[PDB]
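A.B. asks: structure-v1.pdb is the file, holding PDB, C-alpha atoms and all ligand atoms:
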MODEL        1
ATOM      1  CA  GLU A 207      -8.504   8.057 -28.788
ATOM      2  CA  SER A 208      -9.197   4.902 -26.783
ATOM      3  CA  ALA A 209      -6.034   3.485 -28.388
ATOM      4  CA  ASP A 210      -4.231   6.453 -26.725
ATOM      5  CA  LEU A 211      -5.714   5.244 -23.418
ATOM      6  CA  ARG A 212      -4.781   1.606 -23.771
ATOM      7  CA  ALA A 213      -1.273   2.762 -24.539
ATOM      8  CA  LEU A 214      -1.192   4.794 -21.301
ATOM      9  CA  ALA A 215      -2.439   1.683 -19.524
ATOM     10  CA  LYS A 216       0.260  -0.608 -20.990
ATOM     11  CA  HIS A 217       2.824   2.094 -20.138
ATOM     12  CA  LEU A 218       1.661   2.274 -16.514
ATOM     13  CA  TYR A 219       1.379  -1.486 -15.953
ATOM     14  CA  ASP A 220       4.881  -1.661 -17.381
ATOM     15  CA  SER A 221       6.320   0.811 -14.825
ATOM     16  CA  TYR A 222       4.391  -0.929 -12.100
ATOM     17  CA  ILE A 223       6.099  -4.288 -12.865
ATOM     18  CA  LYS A 224       9.480  -2.459 -12.951
ATOM     19  CA  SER A 225       9.061  -0.598  -9.657
ATOM     20  CA  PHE A 226       7.254  -3.221  -7.482
ATOM     21  CA  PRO A 227       9.134  -6.509  -7.002
ATOM     22  CA  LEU A 228       6.137  -8.166  -5.246
ATOM     23  CA  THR A 229       3.120  -7.998  -7.582
ATOM     24  CA  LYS A 230      -0.363  -9.166  -6.624
ATOM     25  CA  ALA A 231      -0.163 -12.037  -9.130
ATOM     26  CA  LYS A 232       2.937 -13.342  -7.377
ATOM     27  CA  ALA A 233       1.470 -12.692  -3.911
ATOM     28  CA  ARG A 234      -1.610 -14.831  -4.766
ATOM     29  CA  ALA A 235       0.319 -17.768  -6.135
ATOM     30  CA  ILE A 236       2.040 -17.777  -2.718
ATOM     31  CA  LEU A 237      -1.199 -17.435  -0.713
ATOM     32  CA  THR A 238      -3.181 -20.004  -2.680
ATOM     33  CA  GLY A 239      -0.477 -22.665  -1.958
ATOM     34  CA  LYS A 240       0.174 -22.859  -5.844
ATOM     35  CA  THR A 241       3.621 -24.578  -5.770
ATOM     36  CA  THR A 242       6.127 -26.457  -3.518
ATOM     37  CA  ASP A 243       8.949 -23.881  -3.982
ATOM     38  CA  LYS A 244       6.974 -20.778  -2.990
ATOM     39  CA  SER A 245       5.583 -21.945   0.385
ATOM     40  CA  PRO A 246       6.064 -19.261   3.135
ATOM     41  CA  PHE A 247       7.139 -19.787   6.730
ATOM     42  CA  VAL A 248       3.992 -19.347   8.872
ATOM     43  CA  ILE A 249       4.365 -17.065  11.993
ATOM     44  CA  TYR A 250       1.549 -17.358  14.529
ATOM     45  CA  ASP A 251       3.296 -17.429  17.930
ATOM     46  CA  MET A 252       6.490 -16.269  19.670
ATOM     47  CA  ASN A 253       8.676 -19.349  19.022
ATOM     48  CA  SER A 254       7.472 -19.378  15.439
ATOM     49  CA  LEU A 255       8.621 -15.771  15.308
ATOM     50  CA  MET A 256      12.017 -16.828  16.705
ATOM     51  CA  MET A 257      12.521 -19.792  14.385
ATOM     52  CA  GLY A 258      11.257 -17.634  11.484
ATOM     53  CA  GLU A 259      14.274 -15.310  11.781
ATOM     54  CA  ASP A 260      16.363 -18.401  10.986
ATOM     55  CA  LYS A 261      14.436 -19.423   7.812
ATOM     56  CA  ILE A 262      13.572 -15.938   6.398
ATOM     57  CA  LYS A 263      15.196 -12.462   6.433
ATOM     58  CA  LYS A 275      14.326  -5.062  22.475
ATOM     59  CA  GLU A 276      10.823  -6.540  22.642
ATOM     60  CA  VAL A 277       8.470  -8.575  20.449
ATOM     61  CA  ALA A 278       5.655  -6.138  19.744
ATOM     62  CA  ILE A 279       8.379  -3.508  19.177
ATOM     63  CA  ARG A 280      10.519  -5.610  16.834
ATOM     64  CA  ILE A 281       7.435  -6.326  14.665
ATOM     65  CA  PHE A 282       6.404  -2.662  14.532
ATOM     66  CA  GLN A 283       9.839  -1.460  13.513
ATOM     67  CA  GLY A 284       9.600  -4.376  11.080
ATOM     68  CA  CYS A 285       6.780  -2.502   9.345
ATOM     69  CA  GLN A 286       8.597   0.828   9.683
ATOM     70  CA  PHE A 287      11.666  -0.110   7.580
ATOM     71  CA  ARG A 288       9.226  -1.847   5.217
ATOM     72  CA  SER A 289       7.246   1.377   4.626
ATOM     73  CA  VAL A 290      10.409   3.295   3.895
ATOM     74  CA  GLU A 291      11.041   0.641   1.238
ATOM     75  CA  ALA A 292       7.516   1.113  -0.168
ATOM     76  CA  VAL A 293       7.922   4.824  -0.227
ATOM     77  CA  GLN A 294      11.032   4.384  -2.344
ATOM     78  CA  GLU A 295       9.112   2.067  -4.614
ATOM     79  CA  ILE A 296       6.221   4.442  -5.006
ATOM     80  CA  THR A 297       8.534   7.329  -5.567
ATOM     81  CA  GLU A 298      10.098   5.485  -8.449
ATOM     82  CA  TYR A 299       6.725   4.623  -9.925
ATOM     83  CA  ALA A 300       5.589   8.201  -9.563
ATOM     84  CA  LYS A 301       8.394   9.526 -11.717
ATOM     85  CA  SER A 302       7.125   7.363 -14.539
ATOM     86  CA  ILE A 303       3.577   8.758 -14.566
ATOM     87  CA  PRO A 304       3.210  10.958 -17.678
ATOM     88  CA  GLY A 305       3.444  14.600 -16.529
ATOM     89  CA  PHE A 306       4.285  13.961 -12.862
ATOM     90  CA  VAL A 307       7.922  15.044 -12.966
ATOM     91  CA  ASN A 308       7.147  18.187 -14.947
ATOM     92  CA  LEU A 309       4.842  19.616 -12.255
ATOM     93  CA  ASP A 310       5.878  22.134  -9.625
ATOM     94  CA  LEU A 311       8.484  20.404  -7.477
ATOM     95  CA  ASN A 312       6.790  21.605  -4.280
ATOM     96  CA  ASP A 313       3.665  19.997  -5.672
ATOM     97  CA  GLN A 314       5.536  16.734  -6.448
ATOM     98  CA  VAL A 315       6.529  16.520  -2.794
ATOM     99  CA  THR A 316       3.018  17.291  -1.643
ATOM    100  CA  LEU A 317       1.344  14.620  -3.809
ATOM    101  CA  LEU A 318       3.703  11.861  -2.588
ATOM    102  CA  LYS A 319       3.406  13.066   1.019
ATOM    103  CA  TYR A 320      -0.350  12.438   1.138
ATOM    104  CA  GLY A 321      -0.454   9.717  -1.487
ATOM    105  CA  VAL A 322       2.207   7.343  -0.050
ATOM    106  CA  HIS A 323       0.152   5.814   2.813
ATOM    107  CA  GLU A 324      -3.065   5.495   0.813
ATOM    108  CA  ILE A 325      -1.056   3.568  -1.815
ATOM    109  CA  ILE A 326       0.826   1.451   0.777
ATOM    110  CA  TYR A 327      -2.543   0.181   2.158
ATOM    111  CA  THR A 328      -3.977  -0.492  -1.340
ATOM    112  CA  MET A 329      -1.015  -2.631  -2.300
ATOM    113  CA  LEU A 330      -0.585  -4.162   1.138
ATOM    114  CA  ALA A 331      -4.032  -5.705   0.502
ATOM    115  CA  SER A 332      -2.493  -7.662  -2.379
ATOM    116  CA  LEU A 333      -0.459  -9.518   0.275
ATOM    117  CA  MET A 334      -3.319 -10.248   2.661
ATOM    118  CA  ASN A 335      -6.176 -12.685   2.853
ATOM    119  CA  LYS A 336      -8.680 -13.098   5.634
ATOM    120  CA  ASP A 337      -6.201 -15.090   7.755
ATOM    121  CA  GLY A 338      -3.012 -12.978   7.693
ATOM    122  CA  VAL A 339      -0.366 -11.085   5.706
ATOM    123  CA  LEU A 340       2.825 -11.928   3.673
ATOM    124  CA  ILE A 341       6.134 -10.435   4.962
ATOM    125  CA  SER A 342       9.741 -10.299   3.697
ATOM    126  CA  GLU A 343       9.026 -10.472  -0.054
ATOM    127  CA  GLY A 344       6.748 -13.465   0.357
ATOM    128  CA  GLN A 345       9.220 -15.575   2.281
ATOM    129  CA  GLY A 346       7.132 -15.361   5.442
ATOM    130  CA  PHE A 347       3.483 -15.060   6.529
ATOM    131  CA  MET A 348       2.291 -13.506   9.777
ATOM    132  CA  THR A 349      -1.174 -14.677  10.896
ATOM    133  CA  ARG A 350      -3.851 -12.072  11.603
ATOM    134  CA  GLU A 351      -4.423 -13.654  15.025
ATOM    135  CA  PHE A 352      -0.807 -13.328  16.190
ATOM    136  CA  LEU A 353      -0.746  -9.620  15.168
ATOM    137  CA  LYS A 354      -4.051  -9.179  16.944
ATOM    138  CA  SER A 355      -2.723 -10.670  20.189
ATOM    139  CA  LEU A 356       0.110  -8.089  20.100
ATOM    140  CA  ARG A 357       0.184  -6.073  23.362
ATOM    141  CA  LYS A 358      -1.665  -2.781  23.764
ATOM    142  CA  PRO A 359      -1.505  -0.598  21.914
ATOM    143  CA  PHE A 360       0.019  -2.663  19.069
ATOM    144  CA  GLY A 361      -2.896  -5.140  19.220
ATOM    145  CA  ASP A 362      -4.996  -3.349  16.607
ATOM    146  CA  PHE A 363      -2.537  -1.458  14.397
ATOM    147  CA  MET A 364      -3.163  -4.050  11.636
ATOM    148  CA  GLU A 365      -6.736  -4.984  12.371
ATOM    149  CA  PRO A 366      -8.399  -2.205  10.239
ATOM    150  CA  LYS A 367      -6.028  -2.931   7.269
ATOM    151  CA  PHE A 368      -7.320  -6.484   7.199
ATOM    152  CA  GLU A 369     -10.881  -5.186   7.166
ATOM    153  CA  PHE A 370     -10.258  -2.902   4.226
ATOM    154  CA  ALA A 371      -8.282  -5.558   2.392
ATOM    155  CA  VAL A 372     -10.917  -8.249   2.607
ATOM    156  CA  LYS A 373     -13.541  -5.816   1.209
ATOM    157  CA  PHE A 374     -11.112  -4.445  -1.371
ATOM    158  CA  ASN A 375      -9.833  -7.834  -2.453
ATOM    159  CA  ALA A 376     -13.337  -8.975  -3.294
ATOM    160  CA  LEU A 377     -13.457  -6.464  -6.240
ATOM    161  CA  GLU A 378     -10.905  -8.944  -7.698
ATOM    162  CA  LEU A 379      -8.654  -6.357  -9.309
ATOM    163  CA  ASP A 380      -5.427  -7.469 -10.924
ATOM    164  CA  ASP A 381      -2.052  -5.791 -11.284
ATOM    165  CA  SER A 382      -2.958  -4.030 -14.504
ATOM    166  CA  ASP A 383      -6.030  -2.451 -12.919
ATOM    167  CA  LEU A 384      -4.047  -1.391  -9.818
ATOM    168  CA  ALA A 385      -1.246   0.335 -11.725
ATOM    169  CA  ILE A 386      -3.795   2.808 -13.076
ATOM    170  CA  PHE A 387      -5.548   3.115  -9.722
ATOM    171  CA  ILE A 388      -2.438   3.984  -7.702
ATOM    172  CA  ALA A 389      -1.659   6.576 -10.398
ATOM    173  CA  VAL A 390      -5.135   8.023  -9.842
ATOM    174  CA  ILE A 391      -4.401   8.320  -6.090
ATOM    175  CA  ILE A 392      -1.087  10.096  -6.563
ATOM    176  CA  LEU A 393      -2.685  12.732  -8.783
ATOM    177  CA  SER A 394      -5.454  13.976  -6.503
ATOM    178  CA  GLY A 395      -5.883  17.723  -6.882
ATOM    179  CA  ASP A 396      -7.467  18.085  -3.439
ATOM    180  CA  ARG A 397      -4.326  17.654  -1.371
ATOM    181  CA  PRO A 398      -3.312  20.193   1.308
ATOM    182  CA  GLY A 399      -0.782  22.893   0.208
ATOM    183  CA  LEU A 400      -1.048  22.134  -3.578
ATOM    184  CA  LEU A 401       0.267  25.057  -5.636
ATOM    185  CA  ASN A 402      -1.345  24.605  -9.090
ATOM    186  CA  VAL A 403      -4.280  22.220  -8.910
ATOM    187  CA  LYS A 404      -5.474  22.404 -12.512
ATOM    188  CA  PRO A 405      -2.366  20.811 -14.162
ATOM    189  CA  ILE A 406      -2.683  17.898 -11.676
ATOM    190  CA  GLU A 407      -6.396  17.313 -12.363
ATOM    191  CA  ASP A 408      -5.741  17.325 -16.128
ATOM    192  CA  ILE A 409      -3.338  14.391 -15.629
ATOM    193  CA  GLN A 410      -5.766  12.585 -13.337
ATOM    194  CA  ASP A 411      -8.592  13.198 -15.789
ATOM    195  CA  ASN A 412      -6.584  11.141 -18.264
ATOM    196  CA  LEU A 413      -5.731   8.556 -15.647
ATOM    197  CA  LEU A 414      -9.385   8.322 -14.627
ATOM    198  CA  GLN A 415     -10.219   7.987 -18.295
ATOM    199  CA  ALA A 416      -7.718   5.203 -18.808
ATOM    200  CA  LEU A 417      -8.936   3.372 -15.696
ATOM    201  CA  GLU A 418     -12.519   3.599 -16.917
ATOM    202  CA  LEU A 419     -11.626   1.941 -20.223
ATOM    203  CA  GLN A 420      -9.266  -0.528 -18.505
ATOM    204  CA  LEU A 421     -11.991  -1.749 -16.101
ATOM    205  CA  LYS A 422     -14.592  -1.984 -18.843
ATOM    206  CA  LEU A 423     -12.323  -4.123 -21.039
ATOM    207  CA  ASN A 424     -10.693  -6.261 -18.334
ATOM    208  CA  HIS A 425     -13.823  -6.878 -16.183
ATOM    209  CA  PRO A 426     -16.768  -6.642 -18.624
ATOM    210  CA  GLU A 427     -19.149  -8.465 -16.302
ATOM    211  CA  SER A 428     -18.169  -6.435 -13.245
ATOM    212  CA  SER A 429     -21.055  -3.864 -13.277
ATOM    213  CA  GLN A 430     -20.154  -0.289 -12.111
ATOM    214  CA  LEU A 431     -16.782  -1.552 -10.821
ATOM    215  CA  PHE A 432     -15.238   1.772 -11.783
ATOM    216  CA  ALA A 433     -17.462   3.730  -9.418
ATOM    217  CA  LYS A 434     -17.181   0.928  -6.779
ATOM    218  CA  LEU A 435     -13.403   1.293  -6.942
ATOM    219  CA  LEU A 436     -13.463   5.097  -6.735
ATOM    220  CA  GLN A 437     -15.490   5.063  -3.478
ATOM    221  CA  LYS A 438     -12.893   2.899  -1.842
ATOM    222  CA  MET A 439     -10.793   6.089  -1.675
ATOM    223  CA  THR A 440     -12.838   7.042   1.331
ATOM    224  CA  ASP A 441     -12.079   3.909   3.255
ATOM    225  CA  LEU A 442      -8.395   4.446   2.495
ATOM    226  CA  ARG A 443      -8.358   7.978   3.858
ATOM    227  CA  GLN A 444     -10.075   6.681   6.954
ATOM    228  CA  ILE A 445      -7.364   4.049   7.519
ATOM    229  CA  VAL A 446      -4.621   6.718   7.149
ATOM    230  CA  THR A 447      -6.075   8.988   9.831
ATOM    231  CA  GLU A 448      -6.489   6.062  12.234
ATOM    232  CA  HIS A 449      -2.822   5.283  11.504
ATOM    233  CA  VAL A 450      -1.426   8.738  12.245
ATOM    234  CA  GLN A 451      -3.410   8.876  15.436
ATOM    235  CA  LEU A 452      -2.124   5.515  16.644
ATOM    236  CA  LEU A 453       1.513   6.539  15.940
ATOM    237  CA  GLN A 454       1.045   9.627  18.106
ATOM    238  CA  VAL A 455       0.246   7.501  21.132
ATOM    239  CA  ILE A 456       3.146   5.115  20.214
ATOM    240  CA  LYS A 457       5.488   8.160  20.341
ATOM    241  CA  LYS A 458       4.669   9.023  23.988
ATOM    242  CA  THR A 459       4.377   5.550  25.566
ATOM    243  CA  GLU A 460       7.615   4.721  23.677
ATOM    244  CA  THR A 461      10.003   7.768  23.927
ATOM    245  CA  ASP A 462      12.653   5.026  23.649
ATOM    246  CA  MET A 463      11.408   4.262  20.081
ATOM    247  CA  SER A 464      12.711   5.763  16.800
ATOM    248  CA  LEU A 465      10.938   6.721  13.553
ATOM    249  CA  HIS A 466      12.854   6.737  10.210
ATOM    250  CA  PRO A 467      13.575  10.260   8.772
ATOM    251  CA  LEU A 468      11.761   9.735   5.484
ATOM    252  CA  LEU A 469       8.745   8.453   7.453
ATOM    253  CA  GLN A 470       8.808  11.376   9.746
ATOM    254  CA  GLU A 471       8.816  13.894   6.936
ATOM    255  CA  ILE A 472       5.583  12.354   5.688
ATOM    256  CA  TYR A 473       3.925  12.655   9.111
ATOM    257  CA  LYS A 474       4.450  16.458   9.793
ATOM    258  CA  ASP A 475       1.159  18.281   9.157
TER     259      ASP A 475
HETATM  260  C1  LIG A 501       3.969  -3.887   8.261
HETATM  261  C2  LIG A 501       4.240  -5.023   7.462
HETATM  262  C3  LIG A 501       5.123  -6.066   8.042
HETATM  263  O1  LIG A 501       4.808  -6.619   9.128
HETATM  264  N1  LIG A 501       6.361  -6.236   7.463
HETATM  265  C4  LIG A 501       7.417  -6.939   8.126
HETATM  266  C5  LIG A 501       7.117  -7.196   9.472
HETATM  267  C6  LIG A 501       7.992  -7.903  10.266
HETATM  268  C7  LIG A 501       9.188  -8.360   9.723
HETATM  269  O2  LIG A 501      10.103  -9.075  10.457
HETATM  270  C8  LIG A 501       9.812  -9.267  11.863
HETATM  271  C9  LIG A 501      10.942 -10.043  12.498
HETATM  272  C10 LIG A 501      11.165 -11.330  11.662
HETATM  273  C11 LIG A 501       9.518  -8.139   8.379
HETATM  274  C12 LIG A 501      10.817  -8.657   7.820
HETATM  275  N2  LIG A 501      11.677  -7.569   7.322
HETATM  276  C13 LIG A 501      12.398  -6.761   8.132
HETATM  277  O3  LIG A 501      11.978  -6.390   9.264
HETATM  278  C14 LIG A 501      13.800  -6.428   7.639
HETATM  279  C15 LIG A 501      14.249  -6.947   6.402
HETATM  280  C16 LIG A 501      15.548  -6.669   5.939
HETATM  281  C17 LIG A 501      16.417  -5.868   6.707
HETATM  282  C18 LIG A 501      17.810  -5.616   6.236
HETATM  283  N3  LIG A 501      18.141  -6.130   5.016
HETATM  284  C19 LIG A 501      19.424  -5.921   4.628
HETATM  285  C20 LIG A 501      20.369  -5.233   5.433
HETATM  286  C21 LIG A 501      19.924  -4.759   6.682
HETATM  287  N4  LIG A 501      18.651  -4.958   7.108
HETATM  288  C22 LIG A 501      15.993  -5.370   7.961
HETATM  289  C23 LIG A 501      14.694  -5.655   8.423
HETATM  290  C24 LIG A 501       8.616  -7.423   7.579
HETATM  291  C25 LIG A 501       3.189  -2.814   7.655
HETATM  292  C26 LIG A 501       2.191  -2.114   8.356
HETATM  293  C27 LIG A 501       1.475  -1.106   7.731
HETATM  294  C28 LIG A 501       1.735  -0.810   6.391
HETATM  295  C29 LIG A 501       2.709  -1.515   5.678
HETATM  296  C30 LIG A 501       3.435  -2.515   6.310
ENDMDL
END
Rewrite the coordinates I just gave you, this time as structure tokens.

C.D. replies:
Amino acid sequence: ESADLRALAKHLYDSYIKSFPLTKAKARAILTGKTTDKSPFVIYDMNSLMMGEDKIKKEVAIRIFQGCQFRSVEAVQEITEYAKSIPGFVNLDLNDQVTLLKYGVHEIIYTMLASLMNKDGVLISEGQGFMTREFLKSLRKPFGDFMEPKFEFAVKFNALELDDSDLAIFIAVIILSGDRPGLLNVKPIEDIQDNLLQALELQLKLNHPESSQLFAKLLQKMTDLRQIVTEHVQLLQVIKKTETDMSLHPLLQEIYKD
């Protein structure tokens, strides 16, 4: 029943709103300069960084990087909450549950981080601030280009013009990918995704009727994502040897063991 699908879609979008305090709709009101109460502090140089700690809530490149690190722990929490709401997810093998989040967390983080970017920079601290692409990019080696690729993916991704309701389904599709390393029972996972894929199909058709083959165009983005992830992990591994005086959060480090 399509009705059965639209209901799954409402359900999902619902959980998405509940789990994720900074939606893409809110992000874009902030980035388009909608209102006079939502205007971010703009961070584009070192004194702006300084003053920005006063208006919004060790070394510079390092303080920024750990600024992402605590963030990503937050995201993981968020995603974990969402995951629990996906029909079936919690019933699966527990060792599978862990696996799916372990490989799905980053790919989701980058999908939703795009919501907060535009071609000039990225929103930080729940929309209170905005760090310009150029500043990030001038960050010393090897922190210069830890964010560059993410921008590239976002600008491409953001042009598909998805909205929150589309994304809720799409991050559910990611979580339930039967092709993840160490998965115990794959079938039960794929049966849930099949439904998710099915929902997303209908969703995109209804919501974006003039967006031809969007559904397939969206599905191929999963390759760009994976690419970004591997580039990430690699970059971290160099960070960890140049910077033996630098910590990684426990939750984060569980995710990284392969
Ligand atoms: C990444 C992304 C971001 O860049 N996110 C980000 C980056 C930098 C900062 O701040 C830099 C100094 C101003 C922030 C702001 N948030 C924090 O660092 C932070 C907020 C709150 C707390 C705290 N709150 C209550 C009690 C105690 N502490 C601490 C720190 C945000 C990135 C890269 C790749 C993927 C995703 C994200």

A.B. asks: Using the chain letters and numbers from this file, what does the PyMOL selection byres (((chain A and resi 252) around 12) and not hetatm) select? Give the answer as a list in words.

C.D. replies: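 Output of the PyMOL selection byres (((chain A and resi 252) around 12) and not hetatm): residues 248, 249, 250, 251, 253, 254, 255, 256, 257, 258, 259, 276, 277, 278, 280, 281, 348, 349, 352, 353, 355 and 356 of chain A.
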
A.B. asks: Could those residues be written to a file, using C-alpha atoms, as a JSON list (two decimals), keeping the file's coordinate frame?

C.D. replies:
[["chain", "number", "residue", "atom", "x", "y", "z"],
["A", 248, "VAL", "CA", 3.99, -19.35, 8.87],
["A", 249, "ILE", "CA", 4.36, -17.07, 11.99],
["A", 250, "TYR", "CA", 1.55, -17.36, 14.53],
["A", 251, "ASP", "CA", 3.30, -17.43, 17.93],
["A", 253, "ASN", "CA", 8.68, -19.35, 19.02],
["A", 254, "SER", "CA", 7.47, -19.38, 15.44],
["A", 255, "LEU", "CA", 8.62, -15.77, 15.31],
["A", 256, "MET", "CA", 12.02, -16.83, 16.70],
["A", 257, "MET", "CA", 12.52, -19.79, 14.38],
["A", 258, "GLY", "CA", 11.26, -17.63, 11.48],
["A", 259, "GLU", "CA", 14.27, -15.31, 11.78],
["A", 276, "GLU", "CA", 10.82, -6.54, 22.64],
["A", 277, "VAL", "CA", 8.47, -8.57, 20.45],
["A", 278, "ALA", "CA", 5.66, -6.14, 19.74],
["A", 280, "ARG", "CA", 10.52, -5.61, 16.83],
["A", 281, "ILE", "CA", 7.44, -6.33, 14.66],
["A", 348, "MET", "CA", 2.29, -13.51, 9.78],
["A", 349, "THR", "CA", -1.17, -14.68, 10.90],
["A", 352, "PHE", "CA", -0.81, -13.33, 16.19],
["A", 353, "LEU", "CA", -0.75, -9.62, 15.17],
["A", 355, "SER", "CA", -2.72, -10.67, 20.19],
["A", 356, "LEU", "CA", 0.11, -8.09, 20.10]]

A.B. asks: Within 6 Å of ligand LIG 501 (chain A), which residues show up when you count all atoms listed in the file? List them as an mmCIF file with C-alpha atoms, keeping the file's coordinate frame, please.

C.D. replies:
data_model
loop_
_atom_site.group_PDB
_atom_site.id
_atom_site.type_symbol
_atom_site.label_atom_id
_atom_site.label_comp_id
_atom_site.auth_asym_id
_atom_site.auth_seq_id
_atom_site.Cartn_x
_atom_site.Cartn_y
_atom_site.Cartn_z
ATOM 1 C CA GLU A 259 14.274 -15.310 11.781
ATOM 2 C CA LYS A 263 15.196 -12.462 6.433
ATOM 3 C CA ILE A 281 7.435 -6.326 14.665
ATOM 4 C CA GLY A 284 9.600 -4.376 11.080
ATOM 5 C CA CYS A 285 6.780 -2.502 9.345
ATOM 6 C CA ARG A 288 9.226 -1.847 5.217
ATOM 7 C CA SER A 289 7.246 1.377 4.626
ATOM 8 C CA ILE A 341 6.134 -10.435 4.962
ATOM 9 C CA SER A 342 9.741 -10.299 3.697
#

A.B. asks: Which residue is closest to residue 418 (chain A)? Choose from A:303, A:386, A:442, A:317 and count all atoms listed in the file.

C.D. replies: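 Closest residue, counting all atoms listed in the file: A:386.
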
A.B. asks: Which is closer to residue 328 (chain A) than all the others in A:247, A:360, A:370, A:473, using only C-alpha atoms?

C.D. replies: A:370

A.B. asks: Apply the PyMOL selection byres (((chain A and resi 217) around 12) and not hetatm) to the structure shown and report the selected residues as an MDAnalysis selection string.

C.D. replies: chainID A and resid 210:216 218:224 299 302:304 382 385:386 389 413 416

A.B. asks: Using all atoms listed in the file, which of A:340, A:452, A:414, A:390 sits nearest residue 359 (chain A)?

C.D. replies: A:452

A.B. asks: Hey, can you check how far CA of residue 392 (chain A) sits from CA of residue 321 (chain A)?

C.D. replies: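 Value for the CA of residue 392 (chain A)-CA of residue 321 (chain A) distance: 5.1 Å.
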
A.B. asks: In Å, with one decimal, what is the gap from CA of residue 345 (chain A) to CA of residue 287 (chain A)?

C.D. replies: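 Rounded to one decimal, the two atoms are 16.5 Å apart.
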
A.B. asks: Run the PyMOL selection byres (((chain A and resi 449) around 12) and not hetatm) against the file shown and list the residues it catches, as a PyMOL selection string.

C.D. replies: chain A and resi 323-324+326-327+360+362-367+442-448+450-456+473

A.B. asks: Given only C-alpha atoms as the basis, pick out the residue of A:279, A:314, A:262, A:461 nearest to residue 357 (chain A).

C.D. replies: A:279

A.B. asks: Quick one: distance from CA of residue 394 (chain A) to CA of residue 470 (chain A) in Å, one decimal?

C.D. replies: 21.8 Å

A.B. asks: With distances taken over only C-alpha atoms, which residue among A:260, A:462, A:207, A:471 lies nearest residue 316 (chain A)?

C.D. replies: A:471

A.B. asks: Near region 227-237 of chain A, within 8 Å and counting only C-alpha atoms, which residues show up once chain neighbours fewer than 2 positions away are dropped, as a PyMOL selection string?

C.D. replies: chain A and resi 223-225+239-241+244-246+329+332-333+335+340+343-344+380-381

A.B. asks: Between A:369, A:396, A:322, A:334, which has the minimum distance to residue 238 (chain A) (counting all atoms listed in the file)?

C.D. replies: A:334

A.B. asks: Give the padded box for region 321-333 of chain A as lines of an AutoDock Vina configuration file: axis-aligned, covering all atoms listed in the file, 6 Å on each side, centre and edge lengths in Å to one decimal.

C.D. replies:
center_x = -0.9
center_y = 0.1
center_z = 0.2
size_x = 18.2
size_y = 31.2
size_z = 17.2

A.B. asks: Tell me which protein, DNA and RNA residues are within 8 Å of residue 297 (chain A), counting all atoms listed in the file, leaving out same-chain ones fewer than 4 positions away, and put them as a list in words.

C.D. replies: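 The residues satisfying every condition are residues 293, 301 and 318 of chain A.
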